[PDB]
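First up is the structure itself, then whatever we jot down about it.
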Amino acid sequence: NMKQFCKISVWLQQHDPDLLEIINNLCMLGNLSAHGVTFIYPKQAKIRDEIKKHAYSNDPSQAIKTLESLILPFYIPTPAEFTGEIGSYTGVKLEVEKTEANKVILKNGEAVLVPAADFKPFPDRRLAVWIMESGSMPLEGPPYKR
Amino acid sequence: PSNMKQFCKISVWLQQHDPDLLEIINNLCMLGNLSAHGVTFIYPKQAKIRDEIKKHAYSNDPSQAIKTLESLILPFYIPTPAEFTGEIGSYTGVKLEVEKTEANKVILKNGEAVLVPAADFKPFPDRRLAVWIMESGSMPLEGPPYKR
Amino acid sequence: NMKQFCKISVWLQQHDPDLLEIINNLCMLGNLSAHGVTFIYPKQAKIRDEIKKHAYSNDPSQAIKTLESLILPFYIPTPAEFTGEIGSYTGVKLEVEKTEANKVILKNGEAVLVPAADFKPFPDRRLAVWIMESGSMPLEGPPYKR
């Protein structure tokens, strides 16, 4: 069990090996590899099992877009960086509803995001992991200029 | 565990059906041959073909297992019996000659390879991947090469 | 078991899966892949004990630097090639104290290196594995210049 992380997959392996297995079996591990990378871990098991349900269905389309909505190609370590033209691999721009010192609430789903207390990246490696305690990440909306 | 119904790469299908064979392909540094010109994989159903792959791989000279696995991987997208035509072949370079064609079966010369499309291999719509089941015979190893 | 190897990782997967997992968890698997590559497996347990301890600590800096000293970006199959401007990923130049037909003893730690009896590379692959029966690989010193 690692305490520092050179890649997000090592963190996800210690928390949810099943979800990491789905990311690999969907050919999406490259989206998790660092432009920075910020992963949104859905804490609620109902969300993750809905991902597993769709991923192991005859059409994993919804599991793909949902996992795309949880992976941002940007390095966002603190609430201060949750600003500007940023978003997930779906392309939908994220809009902040409320900001705090260690918490962020987004619009278009009301997703409450708190930085992972145990995730800490290697020196100068631009990786970040947030915990989605409630709500859902946006799926459709205005795009961010990439 | 992994129970994908659609496949973004052939290794996912192999991991669920034959994980030991996938480990052999990885241990022989041949996973790149399986990845996307489009790729068609021929899965060996019979024991004596698969056992010789395992034995040759874990022997002092794994070259024979490498050549056999090269015969089972075609750098072409061949989903149906109709596509088994023209200058196509495996990584051995040998051109495939069709003996008899059916709606859902192909028999090849130079080994009597009886090939049936794997029904449970359904690739992603944007992936030029195909998996066939060799029910008997052997894929061509040596023969006239196909024009590159 | 494999008798011939296309990459060092397959050999380490058979002899020490724990050490391979550490290398992957430190994002150092690429250091072992081929210019040639020479891996030095520490036979003594406590050297591998300390690698694991520093790896899963709060700061894996030492486990990283230790593994860097065990991986050489050069193809050294026999004692005859243990000469010239050679060294590990730490950059420190290796100086040979004693050379034999099937053994090589280094300065700056008295590392006794014998080629692995069961590692035979693929014909066109420049990979070699040595067993460090005693001593330590150099950590600091004058660098060879690439």
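In the structure tokens, each chain is lettered A, B, ... as it comes, each chain's residues begin at 1, and ligands are numbered from 1 in order of appearance.
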
All residues 10 Å or closer to segment 88-99 of chain C, only C-alpha atoms, same chain fewer than 2 positions away omitted, as a PyMOL selection string: chain C and resi 31+37-40+64-74+79-80+82-86+101-108+110-113+137-146

Within 10 Å of chain B, which residues of chain A come that close, and what is the closest atom pair and distance in Å for each? Count only C-alpha atoms and give it as a tab-separated table.
```
residue	atom	partner	partner_atom	distance
A:17	CA	B:1	CA	9.7
A:18	CA	B:1	CA	7.2
A:21	CA	B:2	CA	7.1
A:22	CA	B:2	CA	7.4
A:24	CA	B:12	CA	8.9
A:25	CA	B:12	CA	6.1
A:26	CA	B:8	CA	6.1
A:27	CA	B:8	CA	6.2
A:28	CA	B:8	CA	9.6
A:52	CA	B:2	CA	9.7
A:54	CA	B:4	CA	9.8
A:55	CA	B:4	CA	6.9
A:56	CA	B:4	CA	4.9
A:57	CA	B:5	CA	6.2
A:58	CA	B:5	CA	5.1
A:59	CA	B:6	CA	6.8
A:60	CA	B:6	CA	7.4
A:61	CA	B:124	CA	9.8
```

Hey, can you spit out that residue selection with C-alpha atoms as a PDB file, in the first residue's frame?
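What landed in selection34.pdb:
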```pdb
ATOM      1  CA  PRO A  17      -9.641  -2.387  -8.115  1.00  0.00           C
ATOM      2  CA  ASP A  18     -12.902  -3.201  -9.917  1.00  0.00           C
ATOM      3  CA  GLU A  21     -10.298  -2.978 -14.187  1.00  0.00           C
ATOM      4  CA  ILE A  22     -13.226  -1.388 -16.029  1.00  0.00           C
ATOM      5  CA  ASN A  24      -8.539  -0.809 -18.527  1.00  0.00           C
ATOM      6  CA  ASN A  25     -11.145  -3.030 -20.205  1.00  0.00           C
ATOM      7  CA  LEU A  26     -12.653   0.109 -21.786  1.00  0.00           C
ATOM      8  CA  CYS A  27      -9.243   1.175 -23.190  1.00  0.00           C
ATOM      9  CA  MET A  28      -9.391   4.341 -21.072  1.00  0.00           C
ATOM     10  CA  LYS A  52     -20.150  -1.641 -13.451  1.00  0.00           C
ATOM     11  CA  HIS A  54     -23.411  -0.611 -17.785  1.00  0.00           C
ATOM     12  CA  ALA A  55     -19.786  -1.606 -18.416  1.00  0.00           C
ATOM     13  CA  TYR A  56     -20.646  -5.320 -18.278  1.00  0.00           C
ATOM     14  CA  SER A  57     -23.828  -4.861 -20.337  1.00  0.00           C
ATOM     15  CA  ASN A  58     -24.151  -5.521 -24.064  1.00  0.00           C
ATOM     16  CA  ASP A  59     -23.560  -1.773 -24.606  1.00  0.00           C
ATOM     17  CA  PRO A  60     -21.101   0.010 -22.287  1.00  0.00           C
ATOM     18  CA  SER A  61     -21.812   3.405 -23.878  1.00  0.00           C
TER      19      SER A  61
END
```

Interface residues on chain A facing chain C, 12 Å, only C-alpha atoms, written as a VMD selection string: chain A and resid 1 to 14 33 118 to 123 125

Residue list (alpha helix (DSSP H), DSSP) for chain C, as a PyMOL selection string: chain C and resi 8-15+17-25+45-55+61-70

Close residues, residue 130 of chain B itself excluded, 10 Å, only C-alpha atoms, min 5 positions apart in chain, as JSON, numbers by chain: {"B": [9, 10, 38, 39, 40, 41, 42, 74, 76, 77, 78, 79, 80, 117, 118, 121, 122, 123]}

All residues 7 Å or closer to residue 109 of chain B, only C-alpha atoms, same chain fewer than 5 positions away omitted, as a PyMOL selection string: chain B and resi 97-99

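Picture a line from atom CA of residue 78 of chain C to atom CA of residue 34 of chain C; it runs 17.7 Å.
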
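Distance-wise, atom CA of residue 106 of chain B and atom CA of residue 53 of chain B end up 23.0 Å apart.
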